[PDB]
Amino acid sequence: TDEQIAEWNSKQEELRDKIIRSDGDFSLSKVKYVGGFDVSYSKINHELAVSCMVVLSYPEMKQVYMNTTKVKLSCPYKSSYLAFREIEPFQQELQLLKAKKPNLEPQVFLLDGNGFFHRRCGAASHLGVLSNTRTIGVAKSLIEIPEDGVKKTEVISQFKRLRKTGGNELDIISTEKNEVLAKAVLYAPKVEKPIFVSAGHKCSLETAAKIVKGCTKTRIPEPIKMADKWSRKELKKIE
Amino acid sequence: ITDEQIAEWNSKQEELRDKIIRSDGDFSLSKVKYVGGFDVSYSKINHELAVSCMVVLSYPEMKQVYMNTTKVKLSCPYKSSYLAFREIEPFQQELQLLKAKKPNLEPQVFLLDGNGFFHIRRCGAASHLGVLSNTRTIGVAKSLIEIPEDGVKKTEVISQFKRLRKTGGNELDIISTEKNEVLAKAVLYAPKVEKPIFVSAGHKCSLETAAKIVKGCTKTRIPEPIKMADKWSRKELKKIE
Ligand SMILES: [Ca+2]
Ligand SMILES: [Ca+2]
Ligand SMILES: [Ca+2]
Ligand SMILES: [Ca+2]
């Protein structure tokens, strides 16, 4: 329904002004634990899914916490509105972590999707402000926003050109307002497809890229890899 | 593994070696109304837990008409050239269950993971399972077995198939240089595919007829009967981890 998107855009604007894109008292030296969160959905069951939240030790990337919970969905997926799908499983998993093992609450969270790379209010930023936690947006594919002058063919063209120069990080700039939206980064060996890091909450883009680089073993950062792994495994355990 | 076990297995493969029929006889492709597949999926966390799956598909439409999965207890580890002893017992249990529950869907031929005649003692798992069950089988391997005693080296076969692919071909005879007998055909029947699969005669079927059946069973690189059995066996296995 179009009524639902009309309230969602107003929801994106109210939280737009709330997202903090500065580190403040936070720094890379403060990072002792980094958390990951992912949701796996069932193709055979339209409303059944499994959420998973993990905590890994920084920078050794040793998994120290993992919990998986069966989830009931009330929202379908729509581009630029990913936040509303996973906000409740994230809040549910976050509370179980603070209750079961409160010492393992990580300094920062890695979330699937973008944050500032969005109405400037991606799911990573949306979940961060509503939960009062430090989040980083990491997307495996490029969101396209023609309203900001970013297109997929141009980003991959200048990135492949940047690759010819020998680089590995490329600022993705909004053609309007001249704002850096995300960094197309490549921190893993034997990888050519870039991931897109964007600021989530209580953290800057430049610092977020460093944290993602520390979490990088293969193309997918370890916190996202583990959360993706266990969520899918448990979903196929209850079919 | 034990050396008495390897010596006892070699005598069993030699006993069965000459009992494999690689001729069509009164068999033809037109007779194939159903084609069966069989695969076993194993658990890495449990050394003795596995799930066997047998499926039957309509030929040539490749529509699944039968599927069963059974929990399996293993009494054998995997060793190359001895796959038969690993999967012989679950296959006969699956064949017995199919012949008992729905005997009208018993297929004319089975597609089995691994080789048949393409074997060091000419008694692969497809042939071994075929003769010990009195069923028509075809050996289909996803990777190339190397037999140095027959002059089969992987680098020379894949390079020879690479040149044939550039010429435009799709079938390559794999010949034992020592015996001058064709052991298998490296075939490529799927679009957007360059890595070949290796079809070899199993039992009660010729090599060329087996290749025709595999071509009819080809949708993607993996033939549909093997694809379905592989899929359902692993899916059911992941329910018991
Ligand atoms: Ca996700
Ligand atoms: Ca996922
Ligand atoms: Ca197998
Ligand atoms: Ca398999």
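Computed from the coordinates by the stated procedures, all read-outs in this text should not be read as laboratory data. Ideal geometry is used to build each Cβ from the backbone, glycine not excepted, and the neighbour counts take in all protein chains shown.
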Other chains' Cβ within 10 Å of B:219-229 residues: what's the mean? 0
Ranked on Cβ counts within 10 Å of their own Cβ, fewest leading, A:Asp23, A:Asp228 go A:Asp23, A:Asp228
Check the straight Cα-Cα distances from B:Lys239 and name the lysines below 20 Å, setting aside those fewer than 8 residues away within the same chain. A:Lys43, A:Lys70, A:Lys229, A:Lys233, A:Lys236, A:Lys237, B:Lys44, B:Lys71, B:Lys73, B:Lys227, B:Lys231
Excluding B:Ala50 itself, what net charge comes from residues whose Cβ is under 14 Å from its Cβ, given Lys and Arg +1 and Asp and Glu -1? -1
Can you check how the C-alpha radius of gyration of the stretch A:79-212 compares to 2.2 N^0.38 Å, as a plain ratio? 1.10
Could you list A:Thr133, B:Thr220 so that the one with the fewest beta carbons within 10 Å of its beta carbon is first and the one with the most is last? B:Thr220, A:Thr133
Magnitude of the charge dipole, chain A, Cβ model with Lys/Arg +1 and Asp/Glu -1, debye to 20: 1080
To the nearest whole number, what is the average tally of beta carbon atoms from other chains within 10 Å of the beta carbons of peptide A:231-237? 1
Rg/Rh for chain B, where both radii come from Cα atoms and Rh is the Kirkwood radius: 0.95
Expressed in nanometres to one decimal, the distance between label points 7 Å along Cα→Cβ at B:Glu146 and A:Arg119 is 6.0
Tell me the net charge near A:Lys72. Cut-off is 10 Å between Cβ atoms, A:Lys72 excluded, with +1 for each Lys or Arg and -1 for each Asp or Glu. -1
Given q = 0.05, 0.06, 0.09 Å⁻¹, what are the Debye log10 I(q)/I(0) values for the protein assembly as shown, with equal point scatterers placed on the Cα positions and solvent ignored? -0.29, -0.41, -0.80
Whole-number Å³ per residue for the convex hull built on Cα positions in the stretch B:1-102: 139
Cα-centred dipole magnitude for the protein assembly as shown, charges only on beta-carbon of K, R (+1) and D, E (-1), debye, nearest 20: 260
Distance check, please: which entries in B:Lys79/B:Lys102; A:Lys213/B:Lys195; B:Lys153/B:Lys179; B:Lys162/B:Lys215; B:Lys79/B:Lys235; B:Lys33/B:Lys204 exceed 27 angstrom between their Cα atoms? B:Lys79/B:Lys102; A:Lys213/B:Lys195
Note on the stretch A:1-138, DSSP bridge orientation, antiparallel percent to nearest 5 equals 70
Can you tell which of B:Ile88, B:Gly216, B:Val187 lies farthest toward the positive end of the dipole of chain B, using +1 and -1 charges on the Cβ of basic and acidic side chains (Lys, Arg; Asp, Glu)? B:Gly216
Distant-in-sequence amide H partners of A:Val180 (H built 1.01 Å from N, under 5 Å): A:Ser174
If you add up the charges near B:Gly37, with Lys and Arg at +1 and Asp and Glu at -1, over every other residue whose beta carbon is less than 14 angstrom from its beta carbon, what do you get? 0
Distance cut-off 23 Å, percentage of C-alpha pairs in the stretch B:142-241 lying past it: 34
Please work out, to two decimal places, the log10 of the ratio I(q)/I(0) at q = 0.14, 0.15, 0.19, 0.21 Å⁻¹ from a Debye calculation in which every Cα of the stretch A:71-136 carries one identical scatterer. -0.41, -0.47, -0.73, -0.86
